[PDB]
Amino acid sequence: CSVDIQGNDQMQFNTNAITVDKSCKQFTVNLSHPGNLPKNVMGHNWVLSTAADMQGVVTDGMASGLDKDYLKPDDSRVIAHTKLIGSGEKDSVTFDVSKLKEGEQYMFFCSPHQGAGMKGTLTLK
């Protein structure tokens, strides 16, 4: 009921498909950032929404800027998220699996780099 995920200096996560076992009550993502670039140059977060909500979350988050960790404050569309991290920093987020529904499509992404392809699927199994 946990996954370790890395975001690197070239705007890539080390996975693009996360599976959450449906028997898990909570799920945890441990985000880290190998590489050498600091947060105000190549910062990453990990953000979860429905596939439908992803674009809005990214557009509104980018507009919110670096000091808001590239996320719209109190965004109802964001199921779970970490803070923004630079190289050598780490952050974890845990969420209730009850927040995911069978039949729905979910995406994870880094909001500042989602447009550059830093995204993937999250699926219940």
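A residue's number is simply how far along the shown sequence it sits, counting from 1. For clarity, a rigid core is taken as the largest C-alpha set superposing within 1.5 Å between two forms.
Peer 1: Can you check whether 37-45 or 60-68 lies farther from the displayed model in 4 other deposited structures of this protein, averaging C-alpha distances as RMS after superposing on the core?
Peer 2: Checking 60-68 against 37-45 in 4 other deposited structures of this protein, I find the farther stretch is 60-68.
Peer 1: So which moves more in 4 other deposited structures of this protein by CA, 94-102 or 26-34, given a superposition on the core?
Peer 2: Between 94-102 and 26-34, greater C-alpha deviation in 4 other deposited structures of this protein belongs to 94-102.
Peer 1: Looking only at CA atoms, which has the higher mean B factor in the entry: 46-54 or 96-104?
Peer 2: Taking the mean C-alpha B-factor of 46-54 and of 96-104, the larger value falls to 96-104.
Peer 1: Report the stretch with the higher mean CA temperature factor, choosing between 23-31 and 62-70 on the basis of the entry.
Peer 2: Comparing 23-31 with 62-70, the higher mean C-alpha B-factor belongs to 23-31.
Peer 1: Quick check on the deposited entry: does the C-alpha B-factor of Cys110 sit in the lowest, middle or highest third of its chain?
Peer 2: Lowest third of the chain for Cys110's C-alpha B-factor.
Peer 1: Is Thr121 in the lowest, middle or highest third of its chain when residues are ranked by C-alpha B-factor?
Peer 2: For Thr121, whose C-alpha B-factor we compare with every modelled residue in the chain, the answer is the lowest third.
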